[PDB]
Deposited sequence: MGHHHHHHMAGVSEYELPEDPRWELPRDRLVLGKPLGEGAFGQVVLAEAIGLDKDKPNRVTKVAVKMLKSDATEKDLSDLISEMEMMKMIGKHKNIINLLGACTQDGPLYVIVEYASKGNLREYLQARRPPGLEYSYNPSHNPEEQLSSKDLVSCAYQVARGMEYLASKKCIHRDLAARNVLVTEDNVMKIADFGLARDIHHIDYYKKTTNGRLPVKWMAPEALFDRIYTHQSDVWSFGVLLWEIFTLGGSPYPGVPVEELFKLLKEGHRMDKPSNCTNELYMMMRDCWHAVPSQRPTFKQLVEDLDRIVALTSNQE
């Protein structure tokens, strides 16, 4: 709410970057991650001060409150503690002095996993239509399993750092220029108020990624993330399909309790569908861990054909 000079932003010499070392560019995400722009950073690495690096910059909106500022800081500090990994969106730096708070993170040029897969939908029969006006090359069967593997690896790391995502979905996984899967928004502050089960975002309903125990009793564990990973698996092999198609929220509550699960996608092996079902086990303690998931998916990648 108040001016940014009215507060005391935490300075960290290890991460602090002068503002004139950033060339701000076009908006990124259409604000799914909040106000984030593309930018070029000059001498992000001290060893190469004359090198330009493409980065993503998150900042507060014009209507931001004192709460929003605290959250963005908390998000930044959380990313510091969690540390680095190949398959997450990493912290690269920050601008905390002489202006608005800037949190500098890694840039993924190919958008989120959902739109990434949809644009690479074949004009065939076992997928919905390609909605992209700029379709890219189809992905092999080993590329899809590899996508799941990388996401699992990211979550395995996050879990090892006591991090619970609470909203693992294809929309929250970003794809780099080198087709590297990176998990996004894992350091978000958990809302202290009771949840609205029918809120929108695009027109996405986050309730369809929640484990039953998180849905009904608001209990979030690593096992609830495992459930979400199952839905993410289903998203991958439908190439960006919408979970529980035609099923509204009020019907989803009843269905899940009755043991109802999504059917196997048309193009999905039985082994990979069992993995989804295992992730969608009613008992949280009976779901596989991310460590186990990474091991299985590693085996499956080696056996899956890219022809």
The deposited sequence goes unmodelled at 1 to 8, 210, 317
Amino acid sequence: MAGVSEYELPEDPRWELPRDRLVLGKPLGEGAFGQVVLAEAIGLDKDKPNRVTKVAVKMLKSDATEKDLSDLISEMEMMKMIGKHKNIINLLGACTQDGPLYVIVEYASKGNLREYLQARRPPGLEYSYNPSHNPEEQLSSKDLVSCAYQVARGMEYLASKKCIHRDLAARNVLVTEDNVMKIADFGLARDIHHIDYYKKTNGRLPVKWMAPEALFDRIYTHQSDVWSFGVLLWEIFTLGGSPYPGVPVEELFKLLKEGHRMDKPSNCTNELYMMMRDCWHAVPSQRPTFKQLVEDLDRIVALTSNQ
From here on, numbers count along this sequence of modelled residues.
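Just so we're on the same page, rigid core means the largest C-alpha set that superposes within 1.5 Å between forms.
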Core-superposed comparison in 6 other deposited structures of this protein: bigger Cα RMS shift among 258 to 266 and 245 to 253 is in 245 to 253
In at least a third of the other entries we lined up, does residue 127 end up with no coordinates? yes
Is it true that residue 192 goes unbuilt in a third or more of the other compared entries of this protein? yes
Where do the C-alpha atoms have the higher mean temperature factor in this entry, in 217 to 225 or in 187 to 195? 187 to 195
Taking only the CA atoms, which stretch has the higher mean B-factor in the record, 241 to 249 or 38 to 46? 241 to 249
Could you tell me which one of 204, 114, 85, 153 shows the highest CA temperature factor in the PDB record? 204
Take the CA temperature factors straight from the PDB entry and tell me which of 56, 268, 255, 276 peaks. 255
Assigned third (lowest, middle, highest) for the C-alpha B factor of residue 124: highest
Residue 106 - which third its CA temperature factor falls in, relative to the rest of the chain: lowest
Compared with the other modelled residues in the chain, in which third is the CA B-factor of residue 142? middle
When the deposited Cα B-factors of this chain's modelled residues are ordered and cut into thirds, is residue 97 in the lowest, the middle or the highest one? highest
Residue 133: which third of its chain by C-alpha temperature factor? middle
